[PDB]
Amino acid sequence: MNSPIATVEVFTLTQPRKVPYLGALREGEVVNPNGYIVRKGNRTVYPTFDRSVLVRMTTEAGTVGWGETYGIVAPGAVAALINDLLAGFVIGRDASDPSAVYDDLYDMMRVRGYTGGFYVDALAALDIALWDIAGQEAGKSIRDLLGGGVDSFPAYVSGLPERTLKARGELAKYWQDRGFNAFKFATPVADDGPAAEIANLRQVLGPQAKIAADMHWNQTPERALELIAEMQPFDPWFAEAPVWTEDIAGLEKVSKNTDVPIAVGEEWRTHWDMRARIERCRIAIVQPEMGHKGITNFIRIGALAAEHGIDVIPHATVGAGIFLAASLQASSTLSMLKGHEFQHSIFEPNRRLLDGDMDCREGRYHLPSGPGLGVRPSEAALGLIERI
Amino acid sequence: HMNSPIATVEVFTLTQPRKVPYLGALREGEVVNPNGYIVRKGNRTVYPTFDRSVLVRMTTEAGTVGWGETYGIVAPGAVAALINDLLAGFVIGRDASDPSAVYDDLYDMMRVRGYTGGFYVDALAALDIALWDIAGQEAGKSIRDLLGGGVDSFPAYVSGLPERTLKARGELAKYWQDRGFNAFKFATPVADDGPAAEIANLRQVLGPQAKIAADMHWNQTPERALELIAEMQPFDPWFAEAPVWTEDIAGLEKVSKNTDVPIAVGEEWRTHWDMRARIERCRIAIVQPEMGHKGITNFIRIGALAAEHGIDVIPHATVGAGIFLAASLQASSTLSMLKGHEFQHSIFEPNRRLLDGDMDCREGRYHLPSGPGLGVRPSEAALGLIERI
Ligand SMILES: [Cl-]
Ligand SMILES: [Mg+2]
Ligand SMILES: [Mg+2]
């Protein structure tokens, strides 16, 4: 029995701990008075606090569900979308068919081109909350609601936050000894270049280790192909984000001129974004980010990967643990799942910010027990959240 | 003619009652939702029950004041938050010596996280327009001059037939024809009797020399869109706009390659990247950039790509105070592939009092403002009405 949504409340949660940047701060870099920093290398903006947007959604009968999306930059954007536009269209609906609610909300602004970006960030938080409600009302975990899922799967170390190439290798080794078999490094970081870095990691970790290279977008297809040729002898697991997201022609060119598996997708929003690429390019792996996408989008991307034999290896980012729990629930149902990003500093906050038995130990994620997401914000989180 | 650093960036909304009958479009017992939004059941799209846009006032340390504008009909707090919290801080201290450089820097801040369009570029658009306005004022040149020169007038086509019946819609089109307009567009969903009946009526009323385009409003499968176009084809449609869903590029390829009726798209795009994704697969005859979504930098890059491929440019127009419309006229006038420009008579006319500056449209042609920069600004009356956000 599904009770109608009564209220939708939006919050930000700013954390007392901070995930390090991949790439030490350098001479010339500036902290803007507005609290943001642009990296001189990649030109991308970064926050000086970790922060996410949480949504509390409550039924008339008193069932409480939580959703979460990105809030590191301009959280008032998602907050405005939800408070001014979206909440009003969710209140009165129920959780009998969360995906139908998502589709209705998406369709409202589709023709004006708000098919991704912040609009879908907002839909993501709403969609997760609604599934959390649906699971609780059914007395079922979300993964059971979606037809069943495994209770554990492999995690890989998605980043190595140490300042030197030698230190990054020691950190990788530390995790290897603790059950991890797969690792990834960011190509722009090493002073001596990505070939030098993968060579070192391969030497340190041995032949069996899976070692991927996250190329962080900023290359022409020709340059990307060069870098990949240099890394190739060291048996890279995959090359991620070889060129700019918008440069589909470049992505096509790279993917068809190397046999190294190409992985993309953390910055997508919907299966529509995937269709645009897999129609032209040779994509081995897609890497959806729950916090940007929501459960509905996540499973549609999964289903499409299964139609084409594409591997699914979800991205992770720091948050309170709500969208991560959602990611685990949804990932567990996917036939094409081959792993899931993990970083200690990304995962650790959920220990204090969540109640629930979601865990990551010995190189594997373990799903929480219980209906819905299987988790909820802890008393600590409830004290830190601020309305927006 | 030096460039003074930006000192302040101020965001406002301007909200006003709609002055055109628009609820006549709701026939299935549609209900007003919180904050004044209403969803049309036939197309599932949300609409405001008022007119509203986001205005930006940008001022240099030396006191030059520029204005930009973007969409604000829906959740203007989104763009406002983006500007107030994030973007303003990276514009302040910069100057207008190279507005496109500032645009590229702002766009780059968030592009790898997938904020490559939507409300993010909405926000960049308002900032870009304001910066170009300042650039021109500081150089003592109109924007079009600063961009290498542009025409001072060009054809406008009529859109908006807010009459209940097919006949009255024809009569309305006739009136605008009598005023010197010779190009028109109608929305295919509007006709109870079908797009074929509508174009048939218009063609007869207006005669064979008139340009009559059909806006198909996205909601067809590619096969249904081809059928519809086939039904309209015998009446010489000027172009078929938005035959299928924006996301459905395969369907657009299919439609565009199975009809000789010119295909037009683009109002809901944000950058040349969106264009590239389409023209690389599809047969696009016309692109229809919307300045309020895009900004001048994005608009001229789209026009430049169009020139590379022999694609006509016929820009979109929409609800707004006239600030981004004026920016649209400035940028458009520099484009070799320009063939004309949408004209929303029902918005443009009553909004004259909201602007200072000589932007006009008459005798079927837009007439561009004469002054430096944008050439228009909010009137004293408009300044009385804007609210900070
Ligand atoms: Cl957006
Ligand atoms: Mg990555
Ligand atoms: Mg249109």
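Just above sits the structure.
Right, let's walk through the structure included here.

### Some details on unusual backbone geometry
Residues and elements named next belong to chain B.
Right, on to step 1. Non-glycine residue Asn-35 carries a positive phi angle of around 70°.
Right, on to step 2. Judged by relative accessible area, which is 44%, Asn-35 ranks as partly exposed.
Right, on to step 3. In this structure, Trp-218 is a non-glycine residue whose phi angle is positive, near 70°.

### Observations concerning the coordination of the magnesium ion (ligand 3)
Residues and elements named next belong to chain B.
Right, on to step 1. Bound to the magnesium ion (ligand 3) are the protein donor atoms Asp-215 (OD), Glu-241 (OE) and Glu-267 (OE), situated 2.0 to 2.2 Å from the metal.
Right, on to step 2. Here the donor residues of the magnesium ion (ligand 3) share one chain and are spaced in sequence as D-x25-E-x25-E. Of this pair, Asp-215 sits in strand 8 (residues 211–215) while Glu-267 sits in the loop between strand 10 (263–265) and helix 9 (272–279), and the two are 52 residues apart along the sequence. Across the pair, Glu-267 and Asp-215 agree in class, each one buried.

### Some thoughts on the packing of helix 7 (residues 221–231) of chain A against helix 8 (residues 248–255) of chain A
Residue and element names in this part refer to chain A.
Right, on to step 1. In contact at an axis separation of 9 Å, helix 7 and helix 8 are set at 30° when each is read in the N-to-C sense. Judged on the interaxial angle alone, helix 8 and helix 7 are roughly parallel. Relative to helix 8, the crossing made by helix 7 is right-handed. The segment helix 7 lies against helix 8, with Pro-221, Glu-222, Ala-224, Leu-225 and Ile-228 engaging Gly-250, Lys-253 and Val-254.
Right, on to step 2. Along the lines of polarity and charge, the residues of the contact of helix 7 with helix 8 split into 5 nonpolar, 1 polar and 2 charged.

### So, the interface of chain A and chain B
Right, on to step 1. Listed as interface residues are 51 residues of chain A and, on the opposing side, 50 residues of chain B.
Right, on to step 2. Buried surface at the junction of chain A and chain B, summed over both partners, amounts to about 4,600 Å²; 60% is from carbon and sulfur atoms.
Right, on to step 3. For chain A, the biggest contributors to the area lost against chain B are A:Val111, A:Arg112 and A:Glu246; these three give 16% of the whole.
Right, on to step 4. Between chain A and chain B we count 7 salt bridges in total.
Right, on to step 5. Here A:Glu246 and B:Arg111 are joined by a salt bridge, their closest N and O atoms 2.9 Å apart.
Right, on to step 6. Counting across the chain A and chain B interface gives 25 residue pairs in polar contact.
Right, on to step 7. Secondary structure elements with two or more residues in the side of chain A that touches chain B: strand 2 (36–38), strand 3 (45–47), helix 1 (75–90), helix 2 (98–107) and helix 3 (117–138) of chain A.
Right, on to step 8. Considering each element in turn, the side of chain A that touches chain B owes the most residues, 10 residues, to helix 1 of chain A.
Right, on to step 9. Of the residues contributing to the side of chain A that touches chain B, the split by class is 25 nonpolar, 11 polar and 15 charged.

### What about the environment of A:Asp103?
Right, on to step 1. Position of A:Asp103 among the secondary structure elements: in helix 2.
Right, on to step 2. Ignoring any residue separated from it by four or fewer positions in sequence, one finds A:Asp103 in contact with A:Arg300 and B:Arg44.
Right, on to step 3. A distance of 2.7 Å separates the side chain of A:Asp103 from the side chain of A:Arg300, its partner in a polar contact.

How each quantity is defined
Residues numbered from 1 in each chain as written, not as in the entry; some residues may be left out. Chains lettered and ligands numbered in written order. Heavy atoms only, no water. Buried < 20%, exposed > 50% of the residue type's maximum accessible area, 1.4 Å probe, protein only. Donors = N, O, S within 2.8 Å, 3.2 Å for Na, K, Ca; no water. Helix = DSSP H or I, 4+ residues; strand = E, 2+ residues; numbered from the N terminus. Axes fitted to C-alpha atoms, helices over the stretch in contact; angles between N-to-C directions. Parallel < 35°, antiparallel > 145°, perpendicular 65-115°, else oblique. Left-handed = near helix turned anticlockwise from the far one by under 90°. Contact = heavy atoms within 4.5 Å. Nonpolar A, V, L, I, M, F, W, Y, C, P; charged D, E, K, R; others polar. Buried area = accessible area lost by both parts, 1.4 Å probe. Salt bridge = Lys/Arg side-chain N within 4 Å of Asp/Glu carboxyl O. Polar contact = N/O pair within 3.5 Å; in protein donor to acceptor, adjacent residues only side chain to side chain.

Nothing here speaks to function; it is all geometry.
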